[PDB]
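Quick note, the sequences are listed as chains D and A, same order. First residue of the first sequence: 7, per the entry's author numbering; consecutive thereafter. First residue of the second sequence: 8, per the entry's author numbering; consecutive thereafter. Note that beta-carbon positions come from the ideal geometry of N, C-alpha and C, so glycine has one too. Below is one structure, written out as structure tokens, with a few remarks after it.
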Amino acid sequence: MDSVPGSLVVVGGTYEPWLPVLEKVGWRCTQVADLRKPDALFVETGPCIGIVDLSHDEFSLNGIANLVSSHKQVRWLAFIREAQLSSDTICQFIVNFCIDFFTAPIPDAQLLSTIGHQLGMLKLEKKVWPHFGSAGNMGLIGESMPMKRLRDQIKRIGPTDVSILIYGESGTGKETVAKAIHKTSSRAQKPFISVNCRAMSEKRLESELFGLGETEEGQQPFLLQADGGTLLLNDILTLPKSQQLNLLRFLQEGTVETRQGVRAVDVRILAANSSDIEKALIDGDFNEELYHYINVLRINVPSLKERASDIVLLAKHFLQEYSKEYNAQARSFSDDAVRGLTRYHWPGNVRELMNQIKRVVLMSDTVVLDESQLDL
Amino acid sequence: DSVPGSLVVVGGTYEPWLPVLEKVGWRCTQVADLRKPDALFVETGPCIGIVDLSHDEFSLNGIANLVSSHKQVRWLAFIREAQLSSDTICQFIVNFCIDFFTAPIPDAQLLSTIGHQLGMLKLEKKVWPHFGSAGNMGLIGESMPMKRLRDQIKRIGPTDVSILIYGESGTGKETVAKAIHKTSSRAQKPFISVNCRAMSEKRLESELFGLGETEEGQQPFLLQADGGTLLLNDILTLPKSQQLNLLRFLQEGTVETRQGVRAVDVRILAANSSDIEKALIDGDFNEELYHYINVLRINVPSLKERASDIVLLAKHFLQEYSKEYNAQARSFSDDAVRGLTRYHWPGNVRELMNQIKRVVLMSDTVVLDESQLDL
Ligand SMILES: Nc1nc2c(ncn2[C@@H]2O[C@H](COP(=O)(O)OP(=O)(O)OP(=O)(O)O)[C@@H](O)[C@H]2O)c(=O)[nH]1
Ligand SMILES: Nc1nc2c(ncn2[C@@H]2O[C@H](COP(=O)(O)OP(=O)(O)OP(=O)(O)O)[C@@H](O)[C@H]2O)c(=O)[nH]1
């Protein structure tokens, strides 16, 4: 009265031999013949077992590899059937995490042994899947097309727990993106701690990996508080060599120093950056070993220049937000302002946008804001 | 013949299942740090790896990183934990992890899961018993990041699937393309590099097969690469329309010929040097297309990283170029070597040949000094 689905892709539907030994033991085994079809089929079945009939048969090895990872990266669990082809390329093709294979004969009792191992995996996949989506909560800034690509990504790079380098132009949303992945992560209910490295002397930074005072003092390093959760370093290259070390050191031992004794913690480390990373690297101004520990995954937060259509939704949102907050009169932009609001280049991007609107709202006395009330 | 399978834990007291692997004759090696196994895993290449999380002593950031820190295919992942773990970070088995160890000791099932995976490690081990052995000249140089490159190339080469070749400018992407094509079962078959940067979209049109004012007798690169392997360097340079046709071909497996459309069989490699992520978000490169070629990736390290290769590379290029241009030069002074490595080398290995080519064509000595180089 309890089981899980496991489908297979093959031309010859006469390739029964392994279907009934799964059917009569209770499997929801589905079968696809095309290469177009099983792509559609898998996006819908979610977590399942997927057998690929290489055999002596068909399908482009590229197309299969594509399919295997397309977006079916784990809710797929790879399995492959073949006509005893232990020789050429085909064997190397099981680098594509195809965990196991089917010999030509039909080992009825032995078959379930290999396939069964994955059941615990498919069951916990169905268990960790209800994270799903949630409209990304308005996408925390705006939502168009580079933003949709961003939104989609944040969802898929969130859960991993690996370090991510969040880079983009200055004042784009990098920190808000950090929070966005921290709440998508499996450590969302746990603390989040942004840190502005730029505005800290090398001695101030010291007070972050061991703290300061000779006594408890109520100090406690930033790493101690971020336990379980996620710490963020904005402008990460700004760090002094002495501190980059400690960052790396911590990234290996998973330990901080406290006045109440050295204690180990567990903090997912994210880094923000806006300056030329390569130039700092090649010159030897930023530890490369540190860079690699942090560049495990990358996310690019697009400048407003890229999401031009987003400005108007952003401006309107900021107006509605600031006006209703400051008792202000303004309720909308004149068509003049809008058609002018996109023409602006916006160096500081979303930051420069909110700040300038904050100024305009706090000053402008009309209900409709015109282009002349804006930039000047 | 071998059986490499390592596991990382401080507390070696998680024996219970170790002798059941040890006494049947398996090479179980064990690391305590998280720093040590990073070094250990980047060099050991393909193996089986058990991670003893338990309730014990590793940062989930540190572990997830390690599990993903470029050990992406070279390492078939495994994890051990106490009966009552779960709930919180089951997500760590998004990193495939193949399977995991319950607290009890299923003696026969233990070997069942591991042995089946050992057999999988055994199939790499089938074309593997060369074991390191430096490599087939490495078609440019030889240090240790390079050995790792060969290690990859060796194991991802034969797989007839597409590879995305990324590295800095002038690193070896094309020479690597050729190198993986020479590992492929289509090595004796054509190889076709394509400089996409220096081709307008209309020249690109006449290749898939496109149009052009024809009236023609042309055979597209895909038509010529039939059976063999086609390479596109600087793939990001492609206009969407071409990205489409590339994608289109990557789905249909067909080209157009002047005498009517015929289908071919071409392994597609792509080289890249620009920030691929930024290009993706902005919408400058078709994402479904990206997935067809980013099925596997290979990273060619800049000279900056492999400094010890500079001296070995420089010597080879002097050696070849001098013998070609009747030149006098035979070696570099110690002055030159310790100065030749100090350079940052943006253009890397190509920039290395060119500057040396320049010096040879100029210098009249047999020994080149540091003052004869950069100047
Ligand atoms: N909830 C929370 N907000 C913070 C924290 N630290 C800074 N902030 C706020 O985060 C805001 C930044 O949001 P934005 O106005 O969108 O600027 P931004 O584009 O995200 O800035 P960048 O990430 O550098 O590109 C600032 O007003 C900060 O005051 C923090 O620790 N917790
Ligand atoms: N030794 C050798 N070199 C070749 C051959 N065919 C082409 N080459 C050159 O060797 C170069 C490849 O090595 P590199 O000098 O590192 O150039 P590259 O790194 O591939 O250039 P990028 O891909 O843009 O980074 C090509 O640019 C070719 O100009 C060959 O048959 N033998």
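The beta carbons of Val201(A) and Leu257(A) sit no closer together than 8 Å.
Counting the other Cβ atoms within 10 Å of the Cβ of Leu368(A) gives fewer than 16, which makes it exposed. Annotation: the segment 282-324 of chain A contains the following complete segments of the alpha helix (DSSP H) (minimum length 4 residues), in chain order: 283-289, 294-300. Counting only residues of its own chain and dropping the five nearest sequence neighbours on each side, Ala343(A) has a CB closer than 7 Å to the CB of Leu375, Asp376, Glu377, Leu380.
Here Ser207(A) carries a coil assignment [DSSP, helix/strand/coil].
By the CB criterion at 8 Å, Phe103(D) and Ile57(D) fall outside the cutoff. Within the model, the alpha-carbon separation for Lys43(D) versus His77(D) is close to 15 Å. Taking the beta carbon of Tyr299(A) as reference, the chain D residues within 8 Å of it are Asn68, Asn72, listed in sequence order. Cβ proximity to chain A below 7 Å picks out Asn306, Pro308, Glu312 from the segment 306-336 of chain D. For the pair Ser248(D) and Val307(A), the Cα-to-Cα distance works out to about 30 Å.
The continuous alpha helix (DSSP H) containing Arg155(D) extends over residues 152-163. Across the structure, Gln225(A) and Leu296(A) are spaced so that their CA atoms are roughly 26 Å apart.
For the pair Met360(A) and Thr244(D), the Cα-to-Cα distance works out to about 35 Å.
Contacts between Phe292(A) and chain D, judged by CB atoms closer than 7 Å, are missing: the closest CB pair is about 11 Å apart. Interface annotation for the segment 144-174 of chain A against chain D: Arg162, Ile163, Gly164, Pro165, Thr166, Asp167, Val168, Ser169, criterion Cβ-Cβ distance under 9 Å. Neighbours of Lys285(A) in chain D, taken as residues at a C-beta separation under 7 Å, are given in chain order as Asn306.
Annotation: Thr166(A) to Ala321(A) spans about 33 Å, alpha carbon to alpha carbon. Taking 7 Å as the cut-off, the C-beta of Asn279(D) does not count as close to any heavy atom of ligand 1. Scanning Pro353(A), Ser213(A), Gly174(A) for the CA closest to the CA of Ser280(A) turns up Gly174(A). For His123(A), the chain D residues whose Cβ falls inside 7 Å of its Cβ are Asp106, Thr120, in order along the chain. Closest by C-alpha distance to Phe228(A), out of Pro246(A), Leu253(A), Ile199(A), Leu254(A), is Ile199(A).
Residue environment: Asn143(D) is assigned as exposed (fewer than 16 neighbouring CB atoms within 10 Å of its CB, all protein chains considered).
In this structure, the straight-line span from the alpha carbon of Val27(A) to that of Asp158(D) is close to 45 Å.
At a cut-off of 8 Å between C-beta atoms, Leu130(D) counts as an interface residue with respect to chain A.
Here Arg81(A) is near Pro53(A), since their CB atoms are less than 8 Å apart.
Apart from the 5 residues on each side of it in sequence, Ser169(D) sits with its Cβ closer than 6 Å to the Cβ of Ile275, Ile300, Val302 in its chain, given in chain order. The beta carbon of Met127(A) sits closer than 8 Å to some beta carbon of chain D. As for any alpha helix (DSSP H) of minimum length 4 sitting wholly inside the segment 56-127 of chain D, the runs are 67-75, 95-98, 114-122, ordered along the chain. Within the segment 336-359 of chain A, the residues whose Cβ lies closer than 8 Å to any Cβ of chain D are, in chain order, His351, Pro353. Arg204(D) is positioned such that its CB atom lies no closer than 8 Å to that of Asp233(D).
Beta-bridge partners of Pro11(A) (DSSP): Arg34(A).
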